[PDB]
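Reviewing the structure listed below.
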Amino acid sequence: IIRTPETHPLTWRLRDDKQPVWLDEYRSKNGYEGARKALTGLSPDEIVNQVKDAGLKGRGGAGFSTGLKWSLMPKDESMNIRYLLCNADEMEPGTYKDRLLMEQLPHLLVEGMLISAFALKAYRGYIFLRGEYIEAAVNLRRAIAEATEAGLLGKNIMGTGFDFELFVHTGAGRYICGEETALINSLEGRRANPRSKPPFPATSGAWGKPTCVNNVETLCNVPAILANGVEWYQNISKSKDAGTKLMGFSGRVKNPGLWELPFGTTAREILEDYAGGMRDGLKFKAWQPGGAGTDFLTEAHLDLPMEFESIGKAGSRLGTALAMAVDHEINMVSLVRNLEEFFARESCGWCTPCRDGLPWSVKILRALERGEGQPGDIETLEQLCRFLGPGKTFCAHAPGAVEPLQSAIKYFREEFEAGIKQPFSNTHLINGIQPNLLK
Amino acid sequence: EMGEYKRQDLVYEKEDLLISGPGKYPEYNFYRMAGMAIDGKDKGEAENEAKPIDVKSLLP
Amino acid sequence: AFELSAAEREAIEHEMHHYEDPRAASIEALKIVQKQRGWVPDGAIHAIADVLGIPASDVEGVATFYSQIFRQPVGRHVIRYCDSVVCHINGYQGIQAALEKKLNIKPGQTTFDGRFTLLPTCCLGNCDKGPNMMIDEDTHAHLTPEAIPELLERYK
Amino acid sequence: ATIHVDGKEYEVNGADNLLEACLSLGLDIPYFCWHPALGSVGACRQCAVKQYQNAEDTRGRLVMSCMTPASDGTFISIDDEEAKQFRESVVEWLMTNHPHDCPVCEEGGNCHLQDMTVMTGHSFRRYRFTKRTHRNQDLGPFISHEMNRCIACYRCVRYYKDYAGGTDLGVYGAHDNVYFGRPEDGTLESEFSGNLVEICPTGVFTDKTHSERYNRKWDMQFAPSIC
Ligand SMILES: Cc1cc2nc3c(=O)[nH]c(=O)nc-3n(C[C@H](O)[C@H](O)[C@H](O)COP(=O)(O)O)c2cc1C
Ligand code: SF4
Ligand code: SF4
Ligand code: SF4
Ligand code: FES
Ligand code: FES
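Chains as they are written, first to last, in PDB author numbering: chain F, 4 to 442; chain I, 121 to 180; chain E, 11 to 166; chain G, 4 to 230.
Now the structure itself:
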């Protein structure tokens, strides 16, 4: 792999010994130049317009436009207290990209938060980071200290009169905190229940103030845009989704890893050229494109490009674009049981369908795995997938929960029907009462 | 055979109604089904009931 | 009879400096108490509540919401093995069986000497190097059932 | 404001949500987590109706009527088949863990959950697995506590904390182990804690003074009086 600054804007600064790049080495490799240009030559509205014109989309899994999200902030000049939050939670299973970004290139994240906070007029920034990323926390705190010593953080940054303070907030281990409104609730020191929208966080977010929540990779994509120009970012790939993206393959592949690729790279190219294909003696059965909350896809879907609309038309979600391969030796009932156990135990408990319908699916899948399935169980699972969709639950955790279950029932129904081996029995016989024998 | 001399004696209190056995239903016990805790059946000991999981438990 | 130490209290106020509302330091206060004492005991809820100026019900709701804030006593070393989907594909069940054989405990339990507490945990963000587990602050990747007894002896 | 419910036109207040507007019109929408004095939060998902974009719309989308404004020219359906199915499914999900307690529960005959179970028409159980259970707390002389019957509708904590300003009640735990109560055993310190027995739609919080000499609501003789 040849990593040029124009083709790999996020990973070309990575060292060979997997060591973090500190302030002197980062600034030698054109570091904090986009920040200098943004803070000394552009209005915040101009930076927001440039980010919108670059077509930068959200890398957290939803794929929403970053410029459109930034433009929802109020034009009221009386609201001068504003917050930028970096979603470094990354608790979706199968996702390991933000760990690479913040363990080895923390100054890229710091520069991106600086540029985005100047664009959003955000006086404060918080990196909401998961507690298991200890090395990432150490590296981020050291990089923040180095940038504060060099005058890139704090009061009067670059002599421009802009004040910005960046904090690191380490999490306490819940998957629901990665959801943006639940992230805001967790940052306020509350139980991480999500919030209803409208109002959006751009109008009243963290402590009622205007707040923008962005993924680590989006904020890491910002400085390359503002240092190389909008037309460079628009010309990375000839696809509807501009720029690069960290894509990878995990599972029982020969080379599980992570590579920076343009949008439009097919899944077979990532699986064969980069991941090295499956291991010896293993036959490719299925794959998940973007984490635990995405629909399963078959081998015939490996030829379509890894874009938002291409995967979306296939019946799945691009997600984090960190695919996971499933070989023929993996029982799909056991795998979906494991997935639903994760999703049911990571429910925040706010709303009824997720909280009380995911455990029912878990118990049905446990019975199917043990061969104690009963008639009507697959119908119950299908109705649970139907009734836990978007809009029926309070947040998007339960639709993501039911995507793999419905996709596996659609593509591997023969494994689920094999678990049904006993007749349906909900009642025991009561002596003296003749039962109502329904037909 | 419930014929009586005085109509007041047709008011049967609990001592005239409670019998020594189960009657026509020899096995049913409501308190084996109810979740309300009584003597000899704590929480989680009823039919189709799991043991209570306290909120301070270490498991996720 | 819980009493916050001077270092714990000072760390809690220093965390309170970083926010516009002192309620936002509740998770960090619980983590500070947990890091000092191994877990968060019952009186720590009221101590943190009276330091932050929030009700103890709020502190207890936060503490029982988050899985990494321990409200029951744990061993001196907490093994947290990933039971998520990619490590399931990579074979975490052999690792769990090896840990159960070595420690003679079920998940969620503590060993007889109070040395190890076995806990399943969600995905550790190390799925390309699975199966993974976390001991107290260290991540161990590429786990095999044979290396579990050797690696468990590094923590006394 | 003009709304259209099941083909019938109605005039409502545009500053109201759809649940309160429809309940003011005499229509029956099941609900748990909404209260007139507490506002809407959209937790229980019981109040689902089908909203259409316009008059010539046939697909629609399920929305929570408590969280949806009763704006001008709204088009909703309560008796839509999918909305009825989802409301029955929400009742069924609440019923999976609910204890077999109605004969020995003080809320029986006065129970909102019983009424909404009947209103959705759900009477057949197909769930066959175990029911979660909870230990109870001592809450003082007035309020008896039975957390097995909780449907996690969050009404108690919203009333007690957000409305009444009390501090010793809260929600603890996580996914399906959410527990509503005090951090430890003790008397509820609020001067308005007794409204929990009417705020709670189930028999979790019950009038203990009534429970000593319990009788059902249909057996009572009532009068309008002044305290
Ligand atoms: C259940 C759930 C978990 C999520 N977890 C994360 C996460 O761990 N990291 C992340 O960046 N986004 C996560 N998201 C997506 C966020 O809601 C949000 O889209 C993102 O944090 C910021 O948006 P962006 O991609 O435009 O930057 C999660 C969403 C849901 C519903
Ligand atoms: S779907 Fe409902 S219960 Fe589940 S995590 Fe979201 S708000 Fe919480
Ligand atoms: S709370 Fe209502 S439904 Fe539940 S046991 Fe009591 S009366 Fe029955
Ligand atoms: S205790 Fe009652 S009011 Fe509180 S959440 Fe449970 S059912 Fe609702
Ligand atoms: S699935 Fe185990 S580290 Fe991600
Ligand atoms: S009453 Fe509307 S969701 Fe609860």
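Backbone N, C-alpha and C define an ideal beta-carbon position, used for all residues, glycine too.
Report task. Would you be able to state if there are at least three C-beta pairs under 8 Å between the stretch 151-161 of chain F and the stretch 176-187 of chain F? Result -> no
Requested in this report: State yes or no: is the C-beta of G/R158 within less than 8 Å of the C-beta of G/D104?
Outcome: Counting from one through the fourth sequence, the residue named residue 158 of chain G turns up at place 155. Counting from one through the fourth sequence, the residue named residue 104 of chain G turns up at place 101. Contact: no.
Query raised in the report: Does I/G160 come within less than 8 Å of chain G when only Cβ atoms are used?
Result: Start at 1 with the first residue of the second sequence, and residue 160 of chain I comes out as number 40. Not one chain G Cβ lies under 8 Å of I/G160.
Query raised in the report: Is it buried or exposed for I/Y132, if we count other Cβ within 10 angstroms and need 16 for buried?
Result: Walking along the second sequence from the start, residue 132 of chain I turns up at place 12. That one is exposed.
Query raised in the report: Just by C-beta distance, which residues in the stretch 343-360 of chain F are closer than 9 Å to chain G?
Result: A347, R348, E349, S350, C351, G352, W353, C354, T355, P356, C357, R358, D359 and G360
Query - F/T184 CB to nearest heavy atom of ligand 2 below 7 Å - result: Your numbering for residue 184 of chain F matches position 181 in the first sequence. No, Cβ of F/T184 sits at least 7 Å from all heavy atoms of ligand 2.
Query raised in the report: Does the beta carbon of F/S199 fall short of 7 Å from some heavy atom of ligand 6?
Result: For the purposes of this step, residue 199 of chain F is taken as residue 196 along the first sequence, with counting starting at 1. It does not: the Cβ of F/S199 is nowhere closer than 7 Å to a heavy atom of ligand 6.
Report task. Tell me whether G/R90 counts as near ligand 6, meaning its Cβ is closer than 7 Å to at least one heavy atom of that ligand. Result -> Within the fourth sequence, the letter at position 87 stands for residue 90 of chain G. No, since every heavy atom of ligand 6 falls outside the 7 Å radius drawn around the Cβ of G/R90.
Report task. Rounded to whole angstroms, what's the CA-CA distance from F/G246 to F/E220? Just pull it up for me. Result -> Translated into positions along the first sequence, residue 246 of chain F becomes position 243. Translated into positions along the first sequence, residue 220 of chain F becomes position 217. Roughly 11 Å separates the two Cα atoms.
Query raised in the report: For the candidate residues G/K87, G/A86 and G/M119, whose alpha-carbon lies nearest to that of G/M98?
Result: The residue given as residue 98 of chain G occupies position 95 in the fourth sequence. Out of G/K87, G/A86 and G/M119, G/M119 has the C-alpha closest to the C-alpha of G/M98.
Query raised in the report: If you compare alpha carbons, which of F/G435, F/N439 and F/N429 is closest to I/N168?
Result: Position 48 of the second sequence, counted from the start, is the residue given in the question as residue 168 of chain I. When each option's Cα is compared against that of I/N168, the closest is F/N429.
**Report entry** Beta-carbon separation (whole angstroms), F/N33 vs F/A230, contact threshold 8 Å
**Finding:** Counted from its first residue, the first sequence places residue 33 of chain F at position 30. Counted from its first residue, the first sequence places residue 230 of chain F at position 227. Confirmed, Cβ separation roughly 6 Å.
Query raised in the report: What did DSSP end up calling G/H115 once you bin it into helix, strand or coil?
Result: Stepping through the fourth sequence from its first residue, residue 115 of chain G is reached at position 112. In the structure shown, G/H115 sits in a helix (DSSP, three-state: H, G or I).
Requested in this report: Examine chain F for any beta-carbon lying closer than 8 Å to the beta-carbon of E/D60, and answer yes or no.
Outcome: Reading the third sequence from its first residue, position 50 is the one you call residue 60 of chain E. Taking Cβ atoms only, chain F never reaches closer than 8 Å to E/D60, which makes this a no.
Query - Neighbour flag for residue 9 of chain E against chain G, beta carbons, 8 Å - result: Residue 9 of chain E is absent from the structure shown; chain E starts at 11 and stops at 166.
Query raised in the report: So the beta strand (DSSP E) E/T149 belongs to, where does it begin and stop?
Result: The residue labelled residue 149 of chain E in the question sits at position 139 within the third sequence. Looking at the DSSP string, the run of the beta strand (DSSP E) that includes E/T149 is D148 to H150.
Query raised in the report: Near ligand 2, which residues have their beta-carbon closer than 6 Å to a heavy atom?
Result: F/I179, F/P197, F/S350, F/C351, F/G352, F/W353, F/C354, F/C357, F/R358, F/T396, F/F397, F/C398, F/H400 and F/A401
**Report entry** Where the beta strand (DSSP E) containing F/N159 begins and where it ends
**Finding:** Residue numbering aside, residue 159 of chain F sits at position 156 when the first sequence is read from its first letter. F/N159 -> beta strand (DSSP E) spans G157 to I160.
Query raised in the report: Within this structure, are the beta carbons of F/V54 and F/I239 separated by less than 8 Å?
Result: Stepping through the first sequence from its first residue, residue 54 of chain F is reached at position 51. Stepping through the first sequence from its first residue, residue 239 of chain F is reached at position 236. Against a cut-off of 8 Å, the Cβ pair of F/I239 and F/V54 comes out as no contact.
Report task. Flag residue 233 of chain G as yes if its beta-carbon sits less than 8 Å from any beta-carbon of chain F, otherwise no. Result -> The structure shown does not extend to residue 233 of chain G, since chain G is modelled only from 4 through 230, so no value can be given for it.
Query - E/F126 - containing beta strand (DSSP E), residue span - result: To locate residue 126 of chain E, count along the third sequence from 1; it is residue 116. Here the beta strand (DSSP E) through E/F126 covers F126 to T131.
Query raised in the report: Would a check of beta-carbon distances place F/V219 closer than 8 Å to chain E?
Result: Counting from one through the first sequence, the residue named residue 219 of chain F turns up at place 216. So no, F/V219 is outside the interface.
**Report entry** Listed by chain order, chain G residues near F/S199 by CB distance under 8 Å
**Finding:** Within the first sequence, numbered from 1, the residue matching residue 199 of chain F stands at position 196. Per Cβ cutoff of 8 Å: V44, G45 and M70.
Query raised in the report: Between the C-alpha atoms of F/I5 and F/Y277, what's the straight-line distance to the nearest angstrom?
Result: Taking the first sequence and counting its residues from 1, the one referred to as residue 5 of chain F is at position 2. Taking the first sequence and counting its residues from 1, the one referred to as residue 277 of chain F is at position 274. Their backbone Cα atoms lie some 13 Å apart in a straight line.
**Report entry** Nearest-angstrom Cα separation, counted from E/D146 out to E/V88
**Finding:** Sequence index remark: in the third sequence, residue 88 of chain E carries index 78 (1-based). Sequence index remark: in the third sequence, residue 146 of chain E carries index 136 (1-based). Their backbone Cα atoms lie some 5 Å apart in a straight line.
Query raised in the report: Can we count I/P172 as close to ligand 4, meaning its CB is less than 7 Å from some heavy atom?
Result: Taking the second sequence and counting its residues from 1, one reaches residue 172 of chain I at position 52. It does not: the Cβ of I/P172 is nowhere closer than 7 Å to a heavy atom of ligand 4.
Query raised in the report: By Cβ distance below 7 Å, which residues in the same chain neighbour residue 3 of chain F in space, the five residues on each side in sequence not counted?
Result: This structure leaves residue 3 of chain F out entirely; chain F is present only between 4 and 442.
Query raised in the report: Counting contacts by CB-CB distance shorter than 8 Å, is F/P259 in contact with chain E?
Result: Walking along the first sequence from the start, residue 259 of chain F turns up at place 256. Output row for F/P259: interface = yes.
Requested in this report: Note down, in chain order, every chain I residue with its Cβ under 9 Å from the Cβ of E/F80.
Outcome: The residue labelled residue 80 of chain E in the question sits at position 70 within the third sequence. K176 and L178, listed in chain order.
Query raised in the report: Looking only at C-alpha atoms, which of E/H56, E/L40, E/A35 and E/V96 sits nearest to G/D171?
Result: Working through the fourth sequence from its first residue, we reach residue 171 of chain G at position 168. Measuring from the Cα of G/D171, the nearest candidate turns out to be E/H56.
Query raised in the report: Looking only at DSSP bridge pairs, what is G/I6 linked to?
Result: As a first step, residue 6 of chain G must be located in the fourth sequence, where it is residue number 3. Answer is G/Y13 and G/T77, bridged to G/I6.
Report task. Give me the Cβ distance between G/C25 and G/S68, rounded to the nearest whole Å; I'm assuming they're in contact under 8 Å. Result -> What you label residue 25 of chain G is simply residue 22 of the fourth sequence in a count that begins at 1. What you label residue 68 of chain G is simply residue 65 of the fourth sequence in a count that begins at 1. Right, the Cβ-Cβ distance comes to about 6 Å (below 8 Å), so this counts as a contact.
Query raised in the report: On the three-pair Cβ rule with 8 Å, is the stretch 110-125 of chain G touching the stretch 379-388 of chain F?
Result: no
Requested in this report: Please compile the residues from chain I whose C-beta is within a distance smaller than 9 Å of the C-beta of F/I433.
Outcome: The sequence position of residue 433 of chain F within the first sequence is 430, counting from 1. Within chain I, the residues near F/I433 are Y145, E147 and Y148.
Query raised in the report: By the criterion of Cβ-Cβ separation under 8 Å, what are the contact partners of G/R138 in chain I?
Result: The residue labelled residue 138 of chain G in the question sits at position 135 within the fourth sequence. Result: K163, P172 and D174.
Query raised in the report: Should F/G181 be listed as close to ligand 8, given that the test is whether its C-beta is under 7 Å from any heavy atom?
Result: The model depicted lacks ligand 8 and carries ligand 1, ligand 2, ligand 3, ligand 4, ligand 5 and ligand 6 instead.
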